[PDB]
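Enquirer: just the structure for this:
(2 chains, ligands or ions: 2)
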Amino acid sequence: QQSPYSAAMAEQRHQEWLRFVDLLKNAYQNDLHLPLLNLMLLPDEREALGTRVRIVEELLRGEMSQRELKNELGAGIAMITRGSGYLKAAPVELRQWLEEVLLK
Amino acid sequence: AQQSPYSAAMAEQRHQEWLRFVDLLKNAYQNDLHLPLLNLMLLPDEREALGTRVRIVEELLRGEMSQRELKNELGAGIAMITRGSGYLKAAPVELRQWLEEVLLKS
Ligand SMILES: O=C(O)Cc1c[nH]c2ccccc12
Ligand SMILES: O=C(O)Cc1c[nH]c2ccccc12
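Expert: Numbers count the residues shown, from 1 in each chain, chains lettered A, B, ... in the order given. Ligands and ions are numbered 1, 2, ... in the order given. Structure data below:
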């Protein structure tokens, strides 16, 4: 069970995360998101984000086989399992929107 | 061409994929879906790293925190500070100046 120490540190990390999220929100409103994201994310991390969008899209579409996900997107079985679990755990508003925007 | 066709084709596919992510997140913010989208797209440790990198950038721009404090408070050793400082130097000055206004506002 978490202690006051661990709870304090977790809340501090949460606030730091929200500060990043808000900084990026504002960057988008001032057309500075692209250079901000180049500063805050390494190239391989940006590549991972682009690929993960594809994985999510293709999991929702349901047409690509597991072998095709691996060959085309580099997503092996464990990554598909994790990604599927993230989708299942996402709030309904996010899943509905992703279906609307990624499969349109 | 700057790159051979194999490398160029893969780079342009990655670029298109990146822009798709950027646009998706742009719209998520507008729809108040940014938090769940980022929880889907980033692992917990990756989210923590982004929170910490904001603090490193802030403290590098502020100039007050020492090298030892950067390591002991923010996990940033000498090499990481050098890398981060290099990213700031490479960024457009417009971004740097905006970061100073936002992050050092107080
Ligand atoms: O260089 C790294 O290890 C990751 C990284 C990406 N953007 C940064 C900004 C400040 C400090 C570290 C990083
Ligand atoms: O599970 C991972 O290794 C990384 C990851 C985070 N969000 C994802 C969405 C889809 C596929 C993989 C990931």
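Enquirer: isn't residue A:94 up against residue B:32?
Expert: No - using Cβ atoms under 8 Å, residue A:94 is not in contact with residue B:32, being 10.4 Å away. Just so you know, the C-beta spots here come from the backbone N, C-alpha and C atoms, and that holds for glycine as well.
Enquirer: neighbour-wise, which of those two wins?
Expert: Between residue A:94 and residue B:32, counted using other Cβ atoms under 10 Å in any protein chain shown, the more crowded position is residue A:94 (20 against 9).
Enquirer: quick one: is the helix or strand in which that one is found near chain B?
Expert: Element membership for residue A:94 (DSSP states H and E) is helix A:92-102. Yes - interface with chain B: helix A:92-102 contributes A:93, A:94, A:97, A:101, A:102 (Cβ under 8 Å from any Cβ of the partner chain).
Enquirer: repeat for stretch A:22-37
Expert: Yes - under the criterion of Cβ under 8 Å from any Cβ, chain B is reached by stretch A:22-37 at A:23-28, A:30, A:32-37.
Enquirer: of all those, which two lie farthest apart?
Expert: A:25 and A:35 (15.3 Å; Cβ to Cβ).
Enquirer: run through the neighbouring helices and strands of the helix holding residue A:94.
Expert: helix A:43-61, helix B:5-30, helix B:34-41 (3 or more Cβ pairs under 8 Å, 6 or more residues apart in numbering or on different chains; DSSP states H and E).
Enquirer: roughly how far is the shortest one from the heart of the chain?
Expert: Right, the one you point to is helix B:34-41. Mean-position distance between helix B:34-41 and its chain equals 16 Å (Cα atoms, centre = their mean, to the nearest Å).
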